[PDB]
Amino acid sequence: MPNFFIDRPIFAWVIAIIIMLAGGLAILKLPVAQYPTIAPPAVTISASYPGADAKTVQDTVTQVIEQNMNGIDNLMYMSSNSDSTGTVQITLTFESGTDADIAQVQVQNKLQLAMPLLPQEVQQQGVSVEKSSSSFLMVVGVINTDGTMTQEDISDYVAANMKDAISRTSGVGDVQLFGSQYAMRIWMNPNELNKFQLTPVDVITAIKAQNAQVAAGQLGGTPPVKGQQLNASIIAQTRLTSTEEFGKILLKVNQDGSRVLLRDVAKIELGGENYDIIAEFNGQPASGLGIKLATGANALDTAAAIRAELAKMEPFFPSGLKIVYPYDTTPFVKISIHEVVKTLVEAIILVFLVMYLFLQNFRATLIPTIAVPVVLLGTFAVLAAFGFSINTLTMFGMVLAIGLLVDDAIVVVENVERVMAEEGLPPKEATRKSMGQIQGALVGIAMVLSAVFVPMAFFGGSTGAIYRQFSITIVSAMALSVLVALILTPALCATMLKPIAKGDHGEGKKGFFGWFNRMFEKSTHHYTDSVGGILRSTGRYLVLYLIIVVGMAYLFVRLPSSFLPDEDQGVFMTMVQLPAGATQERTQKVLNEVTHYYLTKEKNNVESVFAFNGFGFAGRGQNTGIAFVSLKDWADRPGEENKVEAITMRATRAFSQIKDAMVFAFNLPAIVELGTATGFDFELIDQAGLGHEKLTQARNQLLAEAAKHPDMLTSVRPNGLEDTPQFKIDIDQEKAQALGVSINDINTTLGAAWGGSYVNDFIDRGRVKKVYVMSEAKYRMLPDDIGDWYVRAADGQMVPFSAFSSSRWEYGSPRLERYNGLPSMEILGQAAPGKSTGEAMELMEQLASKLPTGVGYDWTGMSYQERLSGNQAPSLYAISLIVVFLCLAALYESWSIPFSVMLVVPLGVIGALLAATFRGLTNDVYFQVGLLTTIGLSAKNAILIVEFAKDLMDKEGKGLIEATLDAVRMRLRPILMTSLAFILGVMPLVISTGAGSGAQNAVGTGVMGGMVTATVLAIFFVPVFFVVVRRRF
């Protein structure tokens, strides 16, 4: 096939041109993202049951729903929780790769079995199932610049005029509203109601009759009488619109003709729907949107559309409104992609400089260079066909390939150059002779290098998703490289190589060239003399091989394990928790302290602080808070002391002095779709019916012991609220019937006054908004306030609420969690600095072993993937070695040769482990790629010797010692040139220190150590192994 294109040079360029432009068009259409879809899909269920406590809700709603959820396809684990507000959340996580839409249908199909069994209050409220994620894509904040309008005014304008428009765009999956739409609030005064002999029941009935909308028939009608000439619609009572109209509602007319109106026994005010969430931005009132992208949508494209949309409606804002972006992750994605591209263009320059160093003229060193753009652009076309997307993982694939694919053209160009010097053959004739003796060598390298990366792509789990990106890039690049080297290089090099004098070695060359050649050639002569004494006796060097194998085993078991590393994304979060029973005001005081510290001590780094009150993780409550912190640009934060890890370490050590509060700060996880914070995630699960109180004692015992080892465990904290007192009133219906008071009136009066009620809806500028009834704030703050209310009896007299009721105090947990249908409690924390998450996970299993009988443990979220990843690691290596062994056996018809090559692999692995230990890295997902790559390139060096000696053996009849020496003497030059090119190729990755450099360091360091020993040591042991195996057979 190569001989076909030597006589057809113009045809050869056509293939290269077509591939080059095909990749270019694919670049203009491929999507861009930081990572592929590696998170497993999740489906959530929401429900409500107002008025019920946490314990009642779990046994009546949560337990029933989860009982019927067994038997779904590809179910990983299920978790749920309930709280005192009556809300229920059940989340199911499916295996990675499962279609979300099919799973969402399946869970909805099964849920309908248990729907009628739920209380009718739950059915009327309504339940829903939908896909969900645990993190926001971005947060858009709205503030008022002049402070002319309050907090709820900001929220309503966004809710009524902004929120619906955003969701009408593509990519958006769900939007969270930090506030509430307007709603007509009526604050009753219990003293005024008692004076006019009225009850909240009378107010409720009056509103429902004075604020309704009814229909009526058409005046013309159908069927019509003969000759009717008109047709019109009758209009009747309609809904009210303004607060001035609500003041006209008539409650009761006195016997003397006096009238009492709703304006006279209550304050009519337009306000919010819920007051349990208070937001603040840099100490100013604000409201905002929590927007999360839909499953399968592009992150960058969605963000670009959102920013465009806000520009559309911005000019129509009322004076004093502006948009703020306190939380965003897209700038990190933009920077990370740009950094790697800069790294890639730096690596290709380094490779070119190495090529020119070996005495080569300018015209010669070009020949292998044109292959680089072709294979890279050709790789992009393959990605487009299969539907992949450009990402950081695919970025690393070709970066490793740049220093690994050039050798295909190097062998051809170097060998024909040697033929020119040794024989003085004409260029066209010499090229027609060179490819005959290297054709098997070329296909061998590509076929071996593709062998390691093929079996890795079939593994499942989130780890398998990472693996597929590397395999598709390396294999496609390798297949293209052998093609382009065989199809293009011999044709172009056939005529490009100008005549060269026979025997010329560049003795009089200028510069370093005049000295470099003499030293290299002299070193080559010395090397063969050194090798000659090696074959004299193999006993000594065989012993040294054993000590290396033992040495690498010792290093392997000492390396700590971990999952994907974390990067300074420019944003981190702070969590605040207070003791049980803390009011909203007390929490606000602490949040002022935490927001005052950042803007005074860390003013050089932080930019803005977005604080929430009431909302937060581990359930909603008045004693919980959260704050988002956004840092400045990376270019304005020099050094390491101004990074996220350094800042958050100093913050926690300073907030520990806050009395009567728990404050922590932490970085976001590696991927924000599984967990809310970095580090492990530990679940303590009861599995023997111990009971809630006994389970709590075990949890306290475990974390108390964990506090005894601060040097490996830090920031250990529960993820649930503590026990709180409850105030329950006992109603005596026996006395109620004696006095003549309806039970419904008592229940309605208590519920409406203290908890509020929803009555009707009214029209506000064309919208539809709720109407609520509540007692005034200063009448429902103390237990003694119940003595002020009254209820009307059938006789017409007032009776105090204390005449037939009594109260007492109780205790009860405000939140309960369940794991896989069993009661459980969550524990969170972080590893100590200098340690690894693997060490922390190992330590806790030892601590959990001393727990009382009947309680177990299980990992979830972030930790679950790490446990799964480490279990399947041994299987990955075993399969790869078997495929390589069989692959080599096809290429040479002998079992002996693969044994010789295989024994070189340990010499390559020891290099990676030694490099990792010096840099203090951890055996993680990226390290797995390095070891697999180390297998391929270690065997690549051994191939260039064993194949050349074999041909010189059976085709020339040379002796075994003679054949081994000849191959080493002639193949020394290509080995050094290729290995040096690869080493300088990954130079930028190791030395990189910019944004997102943690991931680059892990990939580069592991492979870097492998090459060094795979060249220095293998160039000695390969002759030994080849002789020993051949002698045995």
# chains A, B, ... in the order shown; residues from 1 in each chain; ligands from 1

$ residues_around --residues "residue 1009 in chain A" --least-positions-apart "6" --cutoff "9 Å" --atoms "only C-alpha atoms" --output "ChimeraX atom specification"
/A:908-916

$ closest_atom_pairs --of "range 675-768 of chain A" --to "range 834-850 of chain A" --cutoff "8 Å" --atoms "only C-alpha atoms" --output "CSV"
residue,atom,partner,partner_atom,distance
A:679,CA,A:837,CA,6.6
A:680,CA,A:837,CA,6.7
A:702,CA,A:848,CA,7.1
A:705,CA,A:847,CA,7.6
A:706,CA,A:847,CA,7.7
A:712,CA,A:840,CA,6.6
A:713,CA,A:840,CA,6.7

$ write_last_selection --atoms "N, CA, C and O atoms" --output "PDB file, in the first residue's frame"
ATOM      1  N   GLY A 679     -15.445  16.371  51.169  1.00  0.00           N
ATOM      2  CA  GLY A 679     -15.134  15.395  52.195  1.00  0.00           C
ATOM      3  C   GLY A 679     -16.051  14.190  52.137  1.00  0.00           C
ATOM      4  O   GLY A 679     -16.872  14.021  51.230  1.00  0.00           O
ATOM      5  N   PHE A 680     -15.897  13.337  53.144  1.00  0.00           N
ATOM      6  CA  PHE A 680     -16.664  12.107  53.228  1.00  0.00           C
ATOM      7  C   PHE A 680     -18.125  12.391  53.564  1.00  0.00           C
ATOM      8  O   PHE A 680     -18.509  13.509  53.917  1.00  0.00           O
ATOM      9  N   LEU A 702     -20.149   8.041  69.139  1.00  0.00           N
ATOM     10  CA  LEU A 702     -19.239   7.914  68.005  1.00  0.00           C
ATOM     11  C   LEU A 702     -18.480   9.211  67.754  1.00  0.00           C
ATOM     12  O   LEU A 702     -17.250   9.209  67.625  1.00  0.00           O
ATOM     13  N   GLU A 705     -15.842  10.078  70.379  1.00  0.00           N
ATOM     14  CA  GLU A 705     -14.584   9.379  70.142  1.00  0.00           C
ATOM     15  C   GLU A 705     -13.827   9.995  68.974  1.00  0.00           C
ATOM     16  O   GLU A 705     -12.593  10.068  68.993  1.00  0.00           O
ATOM     17  N   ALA A 706     -14.550  10.437  67.942  1.00  0.00           N
ATOM     18  CA  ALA A 706     -13.900  11.059  66.793  1.00  0.00           C
ATOM     19  C   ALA A 706     -13.192  12.349  67.179  1.00  0.00           C
ATOM     20  O   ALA A 706     -12.198  12.724  66.548  1.00  0.00           O
ATOM     21  N   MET A 712      -6.311  13.624  62.352  1.00  0.00           N
ATOM     22  CA  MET A 712      -6.739  13.023  61.094  1.00  0.00           C
ATOM     23  C   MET A 712      -8.170  13.407  60.734  1.00  0.00           C
ATOM     24  O   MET A 712      -8.563  13.312  59.567  1.00  0.00           O
ATOM     25  N   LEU A 713      -8.957  13.840  61.715  1.00  0.00           N
ATOM     26  CA  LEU A 713     -10.346  14.214  61.492  1.00  0.00           C
ATOM     27  C   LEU A 713     -10.596  15.630  61.989  1.00  0.00           C
ATOM     28  O   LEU A 713     -10.215  15.982  63.110  1.00  0.00           O
TER      29      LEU A 713
END

$ residues_around --residues "residue 136 in chain A" --least-positions-apart "6" --cutoff "9 Å" --atoms "only C-alpha atoms" --output "list in words"
residues 290, 291, 292, 293, 328 and 672 of chain A

$ closest_residue --among "A:367, A:337, A:384, A:535" --to "residue 412 in chain A" --atoms "only C-alpha atoms"
A:367

$ closest_residue --among "A:820, A:361, A:96, A:481" --to "residue 16 in chain A" --atoms "only C-alpha atoms"
A:481

$ residues_around --residues "range 151-156 of chain A" --least-positions-apart "6" --cutoff "7 Å" --atoms "only C-alpha atoms" --output "mmCIF file with C-alpha atoms, in the first residue's frame"
data_model
loop_
_atom_site.group_PDB
_atom_site.id
_atom_site.type_symbol
_atom_site.label_atom_id
_atom_site.label_comp_id
_atom_site.auth_asym_id
_atom_site.auth_seq_id
_atom_site.Cartn_x
_atom_site.Cartn_y
_atom_site.Cartn_z
ATOM 1 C CA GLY A 179 -39.242 35.529 48.680
ATOM 2 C CA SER A 180 -42.961 35.497 47.921
ATOM 3 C CA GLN A 181 -45.558 37.023 45.632
ATOM 4 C CA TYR A 182 -47.877 39.632 47.120
ATOM 5 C CA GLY A 272 -45.901 38.770 51.565
ATOM 6 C CA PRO A 285 -32.328 44.037 51.612
ATOM 7 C CA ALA A 286 -32.518 41.933 48.467
ATOM 8 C CA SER A 287 -34.240 39.082 46.659
#

$ select_by_dssp --residues "range 619-661 of chain A" --states "helix (DSSP H, G or I)" --output "PDB file with N, CA, C and O atoms, in the first residue's frame"
ATOM      1  N   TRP A 634      -8.851  35.406  39.892  1.00  0.00           N
ATOM      2  CA  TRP A 634      -7.625  34.685  40.214  1.00  0.00           C
ATOM      3  C   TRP A 634      -6.387  35.530  39.951  1.00  0.00           C
ATOM      4  O   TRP A 634      -5.378  35.387  40.651  1.00  0.00           O
ATOM      5  N   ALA A 635      -6.439  36.408  38.947  1.00  0.00           N
ATOM      6  CA  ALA A 635      -5.289  37.247  38.629  1.00  0.00           C
ATOM      7  C   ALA A 635      -4.964  38.234  39.742  1.00  0.00           C
ATOM      8  O   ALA A 635      -3.832  38.724  39.808  1.00  0.00           O
ATOM      9  N   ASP A 636      -5.923  38.536  40.614  1.00  0.00           N
ATOM     10  CA  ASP A 636      -5.718  39.469  41.712  1.00  0.00           C
ATOM     11  C   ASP A 636      -5.483  38.768  43.043  1.00  0.00           C
ATOM     12  O   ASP A 636      -5.528  39.420  44.091  1.00  0.00           O
ATOM     13  N   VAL A 644      -8.677  29.314  48.140  1.00  0.00           N
ATOM     14  CA  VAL A 644      -9.882  28.921  48.869  1.00  0.00           C
ATOM     15  C   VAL A 644      -9.523  28.059  50.073  1.00  0.00           C
ATOM     16  O   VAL A 644     -10.048  28.252  51.176  1.00  0.00           O
ATOM     17  N   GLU A 645      -8.618  27.097  49.880  1.00  0.00           N
ATOM     18  CA  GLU A 645      -8.255  26.198  50.970  1.00  0.00           C
ATOM     19  C   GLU A 645      -7.607  26.957  52.121  1.00  0.00           C
ATOM     20  O   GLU A 645      -7.868  26.664  53.293  1.00  0.00           O
ATOM     21  N   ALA A 646      -6.756  27.935  51.807  1.00  0.00           N
ATOM     22  CA  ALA A 646      -6.109  28.713  52.857  1.00  0.00           C
ATOM     23  C   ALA A 646      -7.102  29.622  53.570  1.00  0.00           C
ATOM     24  O   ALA A 646      -7.047  29.769  54.797  1.00  0.00           O
ATOM     25  N   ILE A 647      -8.014  30.245  52.821  1.00  0.00           N
ATOM     26  CA  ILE A 647      -8.956  31.186  53.422  1.00  0.00           C
ATOM     27  C   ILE A 647      -9.921  30.459  54.350  1.00  0.00           C
ATOM     28  O   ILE A 647     -10.154  30.883  55.488  1.00  0.00           O
ATOM     29  N   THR A 648     -10.496  29.351  53.878  1.00  0.00           N
ATOM     30  CA  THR A 648     -11.500  28.651  54.672  1.00  0.00           C
ATOM     31  C   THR A 648     -10.889  28.037  55.927  1.00  0.00           C
ATOM     32  O   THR A 648     -11.579  27.860  56.938  1.00  0.00           O
ATOM     33  N   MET A 649      -9.597  27.705  55.885  1.00  0.00           N
ATOM     34  CA  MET A 649      -8.933  27.188  57.076  1.00  0.00           C
ATOM     35  C   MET A 649      -8.817  28.265  58.146  1.00  0.00           C
ATOM     36  O   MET A 649      -9.008  27.994  59.337  1.00  0.00           O
ATOM     37  N   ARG A 650      -8.503  29.496  57.740  1.00  0.00           N
ATOM     38  CA  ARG A 650      -8.378  30.586  58.701  1.00  0.00           C
ATOM     39  C   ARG A 650      -9.738  31.007  59.243  1.00  0.00           C
ATOM     40  O   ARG A 650      -9.842  31.459  60.389  1.00  0.00           O
ATOM     41  N   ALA A 651     -10.790  30.872  58.433  1.00  0.00           N
ATOM     42  CA  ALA A 651     -12.108  31.350  58.838  1.00  0.00           C
ATOM     43  C   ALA A 651     -12.666  30.532  59.996  1.00  0.00           C
ATOM     44  O   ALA A 651     -13.151  31.089  60.987  1.00  0.00           O
ATOM     45  N   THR A 652     -12.610  29.202  59.886  1.00  0.00           N
ATOM     46  CA  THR A 652     -13.173  28.351  60.930  1.00  0.00           C
ATOM     47  C   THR A 652     -12.435  28.531  62.249  1.00  0.00           C
ATOM     48  O   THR A 652     -13.053  28.529  63.320  1.00  0.00           O
ATOM     49  N   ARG A 653     -11.111  28.684  62.194  1.00  0.00           N
ATOM     50  CA  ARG A 653     -10.335  28.885  63.411  1.00  0.00           C
ATOM     51  C   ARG A 653     -10.674  30.198  64.102  1.00  0.00           C
ATOM     52  O   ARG A 653     -10.396  30.346  65.296  1.00  0.00           O
ATOM     53  N   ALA A 654     -11.264  31.152  63.383  1.00  0.00           N
ATOM     54  CA  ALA A 654     -11.643  32.428  63.974  1.00  0.00           C
ATOM     55  C   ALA A 654     -13.085  32.434  64.464  1.00  0.00           C
ATOM     56  O   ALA A 654     -13.400  33.108  65.450  1.00  0.00           O
ATOM     57  N   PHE A 655     -13.971  31.696  63.794  1.00  0.00           N
ATOM     58  CA  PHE A 655     -15.374  31.664  64.186  1.00  0.00           C
ATOM     59  C   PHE A 655     -15.642  30.739  65.364  1.00  0.00           C
ATOM     60  O   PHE A 655     -16.757  30.755  65.896  1.00  0.00           O
TER      61      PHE A 655
END

$ residues_around --residues "residue 371 in chain A" --least-positions-apart "6" --cutoff "8 Å" --atoms "only C-alpha atoms" --output "ChimeraX atom specification"
/A:406,481,484-485

$ write_last_selection --atoms "N, CA and C atoms" --output "PDB file, in the first residue's frame"
ATOM      1  N   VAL A 406       4.135  10.995  17.606  1.00  0.00           N
ATOM      2  CA  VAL A 406       5.125  11.464  16.639  1.00  0.00           C
ATOM      3  C   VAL A 406       6.119  10.370  16.278  1.00  0.00           C
ATOM      4  N   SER A 481      -2.874   8.085  13.484  1.00  0.00           N
ATOM      5  CA  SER A 481      -1.444   8.352  13.358  1.00  0.00           C
ATOM      6  C   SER A 481      -0.754   7.311  12.487  1.00  0.00           C
ATOM      7  N   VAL A 484      -1.793   8.073   8.849  1.00  0.00           N
ATOM      8  CA  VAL A 484      -1.180   9.236   8.213  1.00  0.00           C
ATOM      9  C   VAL A 484       0.317   9.023   8.022  1.00  0.00           C
ATOM     10  N   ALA A 485       0.967   8.337   8.964  1.00  0.00           N
ATOM     11  CA  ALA A 485       2.390   8.054   8.814  1.00  0.00           C
ATOM     12  C   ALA A 485       2.642   7.141   7.624  1.00  0.00           C
TER      13      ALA A 485
END

$ closest_residue --among "A:697, A:81, A:608, A:495" --to "residue 9 in chain A" --atoms "only C-alpha atoms"
A:495

$ residues_around --residues "residue 854 in chain A" --least-positions-apart "2" --cutoff "7 Å" --atoms "only C-alpha atoms" --output "list in words"
residues 686, 687, 688, 852 and 856 of chain A

$ closest_residue --among "A:604, A:134, A:928, A:109" --to "residue 42 in chain A" --atoms "only C-alpha atoms"
A:134

$ closest_atom_pairs --of "range 308-394 of chain A" --to "range 610-632 of chain A" --cutoff "12 Å" --atoms "only C-alpha atoms" --output "JSON lines"
{"residue": "A:324", "atom": "CA", "partner": "A:610", "partner_atom": "CA", "distance": 10.6}
{"residue": "A:325", "atom": "CA", "partner": "A:630", "partner_atom": "CA", "distance": 9.4}
{"residue": "A:326", "atom": "CA", "partner": "A:630", "partner_atom": "CA", "distance": 6.3}
{"residue": "A:327", "atom": "CA", "partner": "A:630", "partner_atom": "CA", "distance": 6.4}
{"residue": "A:328", "atom": "CA", "partner": "A:630", "partner_atom": "CA", "distance": 8.5}
{"residue": "A:329", "atom": "CA", "partner": "A:630", "partner_atom": "CA", "distance": 10.3}
{"residue": "A:331", "atom": "CA", "partner": "A:632", "partner_atom": "CA", "distance": 11.4}
{"residue": "A:332", "atom": "CA", "partner": "A:631", "partner_atom": "CA", "distance": 11.8}

$ write_last_selection --atoms "C-alpha atoms" --output "PDB file, in the first residue's frame"
ATOM      1  CA  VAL A 324     -26.213  41.548  40.798  1.00  0.00           C
ATOM      2  CA  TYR A 325     -24.482  38.202  40.178  1.00  0.00           C
ATOM      3  CA  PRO A 326     -23.297  36.938  43.581  1.00  0.00           C
ATOM      4  CA  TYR A 327     -22.882  33.256  42.649  1.00  0.00           C
ATOM      5  CA  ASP A 328     -21.711  31.800  39.342  1.00  0.00           C
ATOM      6  CA  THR A 329     -19.592  28.856  38.201  1.00  0.00           C
ATOM      7  CA  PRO A 331     -16.209  31.838  34.690  1.00  0.00           C
ATOM      8  CA  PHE A 332     -14.250  28.927  36.168  1.00  0.00           C
TER       9      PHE A 332
END

$ residues_around --residues "range 881-891 of chain A" --least-positions-apart "6" --cutoff "7 Å" --atoms "only C-alpha atoms" --output "list in words"
residues 448, 451, 452 and 898 of chain A

$ closest_residue --among "A:3, A:193, A:594, A:375" --to "residue 434 in chain A" --atoms "only C-alpha atoms"
A:3

$ select_by_dssp --residues "range 670-885 of chain A" --states "strand (DSSP E or B)" --output "MDAnalysis selection string"
chainID A and resid 681:686 713:718 724:731 757:764 767:775 790:792 798:800 805:812 815:819 822:831 855:859

$ write_last_selection --atoms "C-alpha atoms" --output "compact mmCIF listing (two decimals), in the first residue's frame"
# COMPACT_ATOMS: atom_id res chain seq x y z
CA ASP A 681 -20.34 11.38 53.86
CA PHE A 682 -21.08 8.87 56.62
CA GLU A 683 -24.45 7.31 57.43
CA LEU A 684 -25.25 5.69 60.77
CA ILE A 685 -28.14 3.27 60.25
CA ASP A 686 -30.18 1.36 62.82
CA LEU A 713 -10.35 14.21 61.49
CA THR A 714 -11.57 17.82 61.49
CA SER A 715 -14.95 19.56 61.48
CA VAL A 716 -16.93 16.46 62.47
CA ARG A 717 -20.55 17.52 62.82
CA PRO A 718 -24.06 16.04 62.73
CA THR A 724 -36.54 20.67 71.13
CA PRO A 725 -39.38 21.21 73.61
CA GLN A 726 -42.95 21.33 72.34
CA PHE A 727 -46.04 23.05 73.73
CA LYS A 728 -49.25 21.04 73.33
CA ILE A 729 -52.70 22.16 74.49
CA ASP A 730 -55.27 19.64 75.71
CA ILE A 731 -58.86 20.33 74.64
CA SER A 757 -55.66 30.14 56.91
CA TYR A 758 -56.17 30.50 53.17
CA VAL A 759 -59.57 31.81 52.13
CA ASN A 760 -59.94 33.07 48.56
CA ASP A 761 -58.14 34.89 45.75
CA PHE A 762 -58.33 38.42 44.36
CA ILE A 763 -57.22 40.23 41.21
CA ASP A 764 -54.18 42.52 41.38
CA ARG A 767 -52.86 38.59 38.30
CA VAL A 768 -54.38 36.11 40.75
CA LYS A 769 -53.09 36.23 44.33
CA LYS A 770 -54.06 34.60 47.61
CA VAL A 771 -55.86 36.07 50.62
CA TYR A 772 -54.74 35.13 54.14
CA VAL A 773 -56.04 35.67 57.67
CA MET A 774 -53.79 35.85 60.73
CA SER A 775 -53.80 37.29 64.22
CA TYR A 790 -62.99 34.03 72.88
CA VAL A 791 -65.43 31.73 71.09
CA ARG A 792 -69.17 32.23 70.64
CA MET A 798 -68.66 34.70 75.20
CA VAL A 799 -66.63 31.95 76.84
CA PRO A 800 -62.88 32.26 77.51
CA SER A 805 -58.64 23.65 78.09
CA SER A 806 -55.26 23.07 79.71
CA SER A 807 -51.66 23.03 78.54
CA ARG A 808 -48.37 21.29 79.32
CA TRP A 809 -44.86 20.84 77.93
CA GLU A 810 -43.39 17.91 76.02
CA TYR A 811 -40.27 16.98 74.05
CA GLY A 812 -39.85 15.71 70.51
CA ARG A 815 -36.74 16.18 62.03
CA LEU A 816 -36.40 12.48 61.23
CA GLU A 817 -34.44 10.77 58.46
CA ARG A 818 -34.61 7.28 56.97
CA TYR A 819 -32.14 5.39 54.78
CA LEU A 822 -34.53 2.18 57.97
CA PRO A 823 -34.02 4.96 60.54
CA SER A 824 -30.64 6.64 60.20
CA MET A 825 -28.56 9.67 61.14
CA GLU A 826 -26.02 11.47 58.95
CA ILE A 827 -22.47 12.49 59.90
CA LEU A 828 -20.20 14.85 57.97
CA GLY A 829 -16.64 16.09 58.25
CA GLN A 830 -13.34 16.66 56.48
CA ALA A 831 -9.91 15.07 56.48
CA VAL A 855 -26.37 -0.68 64.65
CA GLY A 856 -24.57 -0.67 61.32
CA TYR A 857 -23.11 1.83 58.87
CA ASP A 858 -23.08 2.62 55.16
CA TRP A 859 -21.52 5.16 52.82

$ closest_residue --among "A:399, A:782, A:876, A:198" --to "residue 342 in chain A" --atoms "only C-alpha atoms"
A:399

$ atom_distance --atom1 "CA of residue 418 in chain A" --atom2 "CA of residue 964 in chain A"
19.3 Å

$ atom_distance --atom1 "CA of residue 572 in chain A" --atom2 "CA of residue 999 in chain A"
18.9 Å
